[PDB]
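**Q** Below you'll find the sequence and an experimental structure to go with it.
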Amino acid sequence: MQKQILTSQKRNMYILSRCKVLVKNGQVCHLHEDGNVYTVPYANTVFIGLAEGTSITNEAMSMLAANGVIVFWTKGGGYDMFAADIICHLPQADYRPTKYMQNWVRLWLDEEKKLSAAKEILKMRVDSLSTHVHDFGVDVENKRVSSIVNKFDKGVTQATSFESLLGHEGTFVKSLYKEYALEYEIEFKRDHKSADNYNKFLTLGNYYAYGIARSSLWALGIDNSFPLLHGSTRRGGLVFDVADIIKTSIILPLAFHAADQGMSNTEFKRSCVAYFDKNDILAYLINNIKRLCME
Amino acid sequence: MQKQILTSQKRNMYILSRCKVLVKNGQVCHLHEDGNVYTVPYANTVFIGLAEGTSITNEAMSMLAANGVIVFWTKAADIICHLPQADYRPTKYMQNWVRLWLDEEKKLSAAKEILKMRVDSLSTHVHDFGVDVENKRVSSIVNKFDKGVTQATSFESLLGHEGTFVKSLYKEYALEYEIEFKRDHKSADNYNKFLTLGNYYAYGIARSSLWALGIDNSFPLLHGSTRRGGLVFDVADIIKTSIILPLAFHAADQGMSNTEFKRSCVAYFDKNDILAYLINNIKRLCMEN
Amino acid sequence: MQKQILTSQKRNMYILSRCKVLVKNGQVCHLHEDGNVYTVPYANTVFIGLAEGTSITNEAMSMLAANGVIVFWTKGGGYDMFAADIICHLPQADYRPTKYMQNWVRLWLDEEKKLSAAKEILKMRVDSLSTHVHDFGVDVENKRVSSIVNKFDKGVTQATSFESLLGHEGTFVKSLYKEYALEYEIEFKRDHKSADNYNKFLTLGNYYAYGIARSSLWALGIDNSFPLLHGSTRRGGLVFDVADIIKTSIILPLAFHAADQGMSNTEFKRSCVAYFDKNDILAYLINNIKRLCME
Amino acid sequence: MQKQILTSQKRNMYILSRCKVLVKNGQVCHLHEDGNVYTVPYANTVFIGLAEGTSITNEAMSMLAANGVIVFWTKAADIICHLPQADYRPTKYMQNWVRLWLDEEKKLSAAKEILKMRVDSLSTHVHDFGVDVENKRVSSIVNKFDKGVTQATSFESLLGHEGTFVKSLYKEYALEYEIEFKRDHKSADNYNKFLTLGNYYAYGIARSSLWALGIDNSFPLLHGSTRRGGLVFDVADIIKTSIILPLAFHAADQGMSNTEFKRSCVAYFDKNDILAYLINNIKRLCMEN
Amino acid sequence: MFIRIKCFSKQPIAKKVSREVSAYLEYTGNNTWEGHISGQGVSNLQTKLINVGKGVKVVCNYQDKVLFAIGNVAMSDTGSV
Amino acid sequence: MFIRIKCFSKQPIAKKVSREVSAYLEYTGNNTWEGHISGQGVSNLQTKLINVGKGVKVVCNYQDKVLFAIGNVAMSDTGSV
DNA sequence: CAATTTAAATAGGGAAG
DNA sequence: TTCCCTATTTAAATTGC
């Protein structure tokens, strides 16, 4: 079924599940496998995504790209993309990198603004932990959690170098892993190659975190290779640098409580897309990158 | 495990028309309107540039984008190409690409290199007969394109620099090989429909040079009124003036069909490693820093 | 089945048809398609011929090359040659040339006894007509046949030019065709391009007589490339020379009777082969060449 | 029907072991394995030689010997061949060759002109390796035997004088390719087996150079007491000691099986057109007057 | 000249094109004939496969070439089926 | 670089070989894949052909010379069955 | 020597998810 | 797409010749 997901102010990102897409009566429509045909709105829709089970005709492609809709392709749930043209201001008359690209490369090429943007994205990591509250896992308002939050805030506000910020992020992730592990009372140590259910579940949640991060950066049309925390040679470091907002506050409690129950990966995917829609986190990352770029 | 060939190691291509790029036993098959399925070489395809009547399946789009074969729509002002995005591209090349696009003095040099790569494709891909490659009528047009792209004072200055080169090449090919077809998109014949499914094949070897090696189509080398379409159209114009229009003119002069022109374009891109040249040429300008 | 042909003094040309020749108990034997194996004599054999269905092996060929025989392949009737080895003095001790072209092209490289050999070979064409008789068709002892023998004897004797010889041969061919045609109460002229039964039986008989030429020259080591009457550029002119000894004598009434009584081509080949084996025509051609050779 | 494609551009050559050569569906064949029937291209086949446990029936012979394709047999030594005869081969070559060949001075001249052609066989075919074109020993020995056939006192003076050449090239190629094998027809090692099976390539090329152009072989050159077989070994040894001996020492040195050795000589025949060379090479001796 | 015949026709006409191209080439993969040949032999094949009768479907490939293509049911554009 | 793959295997292994090689070469007819792969591409194609396992019947061809061959029953000088 | 069978045998199809 | 037909093209084998 079709899904509405907020980007900035209107539900302009459409997720189109199992169907066939074609031109009907001189306008772009789509036909599900149950026999029900739906058209599209055009002023409502700016972004249209396609999931497993779809095919779009070229006439519909040209009519969508003719007067101001940009199509994209994605995995199941709409929160990991693999094929997309990249965003312009108006996709027909002009072709240039966006003003989000413009202010983002201004803050990337300015070293003081580079460090200020790094401090601000860790400050939004603070605000993501303080904002996204969950009934499971640790409580963000207790003594230990908020003490580690205050220690991180002192760490970012008193740091100058990039490696100091990386060390603060490192003790943040090990500390948060320790208290989340203490919440369900099993000892853990982080390693990517651990083939247990808990670590593979956390890497799956991390995968959908980089998917929602990539959908956020494509939603502003900004690329994937201008990181703030990781180095310039890190493979897709900007995707991790926007995803670690969500790994430390959303992916860790969801994946950790769901692998406490140990249910299936496909239903975890469905629940992750459901929480991504209900919390409306993609628009929160657009709000984050908009307040970084506009300063 | 399964390291796979790079986009600089992919030589097959396709510009499918009246097709249906579906999933057939894991192979991305472009099933045309006759009733047969052309199994495209998905890992070795630069692209599968769709035309009118083509429906690209979602799992087929997944197998195309995962193997770095960025499908595109051809039917240029409005030609949207779905570049591959899940497989993360070269971050060292892409980070220095914006640093060579945001600085206007560096953006001018990057645009000059990306538009003078067309002169480097008429001398590397030397499979051009009839109008030759040193006949001083097509080589003169390539030299004039290089002279126009050498300055490249702004992205809006030489925005339509490839358009004049394509017009000169299409005029010289017709004046040499006994024709009078001009630059048109709806002049239905064996000539103007040859360099409209041949330039789509030139965008076939351009969407694999910006989905694995190069940065993106958003930051283009040419921007302006007559520079709409993206940097894929600025990577196709390197191969359009050397491997698309000369093959189309040779097929029109020899009386070949559109399918023979498509096979000639795919074989000339495979033998000269034109897709590999585009993939290793985008990395030269991007990863120069 | 083994079928014999005499060449000089002893019956030695065994023809094998439809058999598997292989090594039985360290000796060359042939297993026919009926299931019976028969051996081949060795000291009685210098030529050995393989008709259709005949397969020989390599160890058998090794013994046959080790102890003194020459083997050849042959077509229908076991007589028409297509694939052969060649005749030497002795294939094991010294591989020296057979003396028949020694005598013959010694007498050919000088013009005078070359012309003597030409008039002698038209003399044995005359002897082929006068010697060999049939129970049907034109009797060789009537007034017209004896008249054209006397005219041809005169026309061979006085002349010294080969143009007169080939004109006499063409006059003989046309005249004998006219008398053979009026014996069968029809009017006819020879044409290779006509596809009637009479002309095609003549052409098939001419091809089979070309076969008797090539076989009788292979039995002495003389080769098919050395004409006496036709020119040096004519391919296989010696074959058309030696066949013209018989093409007016035995092939002509057999083919004319086969065309008159209307049998098929294969049984006409069988009747020609029966006449060739019963009245030792190959051996008479060997005797002809041997008296033309030693002078 | 057809022009019956000329033997000087025939392009295949075969030795078979443990088979039953026959016609299946109008096609002369192999039976190398138990049920593995192959196909012989009689319009490209130079020759079919047959090892132990082999046989060819008459339908294969009649289909085969219609355009100049021989059969000889393996078990140097005594070999009876089968040249095509029903095809009336051109006469001028053999007329002029018997015209020289009766006269023992002109027969000696024919022997000295076909025996000097070892150097020509090493001259038009140069792509070798190891000892290559010259190891400063093979050029010397072929030069002294070129002078030895340049003198040419009598036929029985050179009856086994070429045998010294073949044995000195057997023990000249072995001082650099390390083995101490000797000439034996029953030795089970790789060197003798390969160098014996290559004589059955040389014999086929020689007898098919004689079958098509016109010479019936057994009227011999280099006759005597040891060189048994006729003019075929006077033409087979042209490519034996110059062409098949280096490839035989290669294949016995690298130590691969017989089939890929035969592939190497098939390719060396095909890319250099060696029976083409042997057709217009003896025509310069036959047609010469 | 190494040329390469690939036939696509049927059951009965494939036997005749087998008998008239394996005379000139050598069968390797399932229908893929290959082998060394002359251009005079190429013209001879073109003659005897005009004279084979209607219903043949054969394309020759001398390396990367489309030298003669007699008969066609469906070739899927750029060098495929 | 111009290589050519023929598959002689049996089902369902032949469909797997079709999936592996059809990602790298376009299909011509009766199992003779044909086209252009770089040498590292042929090397990793050999690697996934090894990772297919037993039962693979593939002979490659670089012009006339066999570039590689994985799995065989009988393949003489000619290459016929 | 080709006269034809029988299948070894694949995309080519429908579903499906 | 994995999957299962399922018409097919297809051989090489039979098999006279």
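**A** Perfect, I can see it now. Residues are numbered from 1 along each chain as shown, chains lettered A, B, ... in the order given.

**Q** Just give me the neighbour total for the closest residue to chain A within chain E.
**A** Nearest residue of chain E to chain A: residue E:77, at 16.5 Å (Cβ to the nearest Cβ). Every residue, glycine included, has its C-beta placed from N, CA and C. Neighbour count of residue E:77, defined by other Cβ atoms under 10 Å in any protein chain shown: 23.

**Q** And residue E:14, by the same measure?
**A** By other Cβ under 10 Å, the residues close to residue E:14 number 17.

**Q** OK, contacts around it?
**A** E:7, E:31 (Cβ atoms under 8 Å, 6 or more residues apart in numbering or on different chains).

**Q** touching DNA strand G at all, the helix or strand hosting it?
**A** Using DSSP states H and E, residue E:14 sits within helix E:12-21. Yes: using Cβ under 7 Å from any atom of the strand, helix E:12-21 reaches DNA strand G at E:15, E:16, E:19.

**Q** In ChimeraX, select just the buried ones from those.
**A** To isolate the buried members of these in ChimeraX, using 16 or more other Cβ atoms under 10 Å in any protein chain shown:
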select /E:16
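
**Q** Sketch out the helices for chain E, chain order is fine.
**A** Here chain E has its helices, by DSSP state H, at E:12-21, E:39-50.

**Q** Let me have these in JSON lines, extended by distance to residue D:266.
**A** Converted to JSON lines, the helices of chain E look like this (distance: least, Cβ to Cβ, whole Å):
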{"stretch": "helix E:12-21", "distance to residue D:266": "19"}
{"stretch": "helix E:39-50", "distance to residue D:266": "17"}
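
**Q** Skipping adjacent residues, who's closest to the residue in the stretch 1-150 of chain A that chain F sits nearest to in space?
**A** Closest to chain F within the stretch 1-150 of chain A is residue A:82: 16.9 Å, counting by Cβ to the nearest Cβ. Once flanking residues are discounted, residue A:82 sits nearest to residue B:86: 3.8 Å by Cβ to Cβ, 6 or more residues apart in numbering or on different chains.

**Q** May I see the buried residues of stretch E:54-71?
**A** E:56, E:57, E:58, E:59, E:60, E:61, E:62, E:67, E:68, E:70, E:71.

**Q** same deal with stretch A:183-198?
**A** The neighbour-count check on stretch A:183-198 (16+ other Cβ under 10 Å) flags A:183, A:188, A:198 as buried.

**Q** Check stretch A:18-28 too.
**A** Of all the residues in stretch A:18-28, those buried under the rule 16+ other Cβ under 10 Å are A:19, A:20, A:21, A:22, A:23, A:28.

**Q** circling back to that earlier point, so the residue of chain E closest to chain A sits against residue B:262, correct?
**A** Yes: with contact defined as Cβ atoms under 8 Å, residue E:77 and residue B:262 form a contacting pair (5.3 Å).

**Q** list residues touching both of the two?
**A** Between them, residue E:77 and residue B:262 share these contacting residues under Cβ under 8 Å, 6+ apart: residue B:14.

**Q** Quick one: closest of the helices of chain E to residue F:47.
**A** helix E:12-21 (35.5 Å; Cβ to Cβ).

**Q** what angle sits between the closest one and helix E:39-50?
**A** 160 degrees (axes from the mean of the first three to the mean of the last three Cα atoms, to 10 degrees).

**Q** Give me the phi and psi angles of residue 25.
**A** Unless you meant another one, I'm taking chain A. Main-chain torsions, residue A:25, degrees, to the nearest 10: phi 60, psi 40.

**Q** ah, I was thinking of chain E
**A** Residue torsions, per degrees, to the nearest 10, at residue E:25 are phi -130, psi -170.

**Q** for it, what are its contacts?
**A** By Cβ under 8 Å, 6+ apart, residue E:25 lies in contact with D:41, D:44, E:3, E:4, E:5, E:33, E:34, E:35, E:37.
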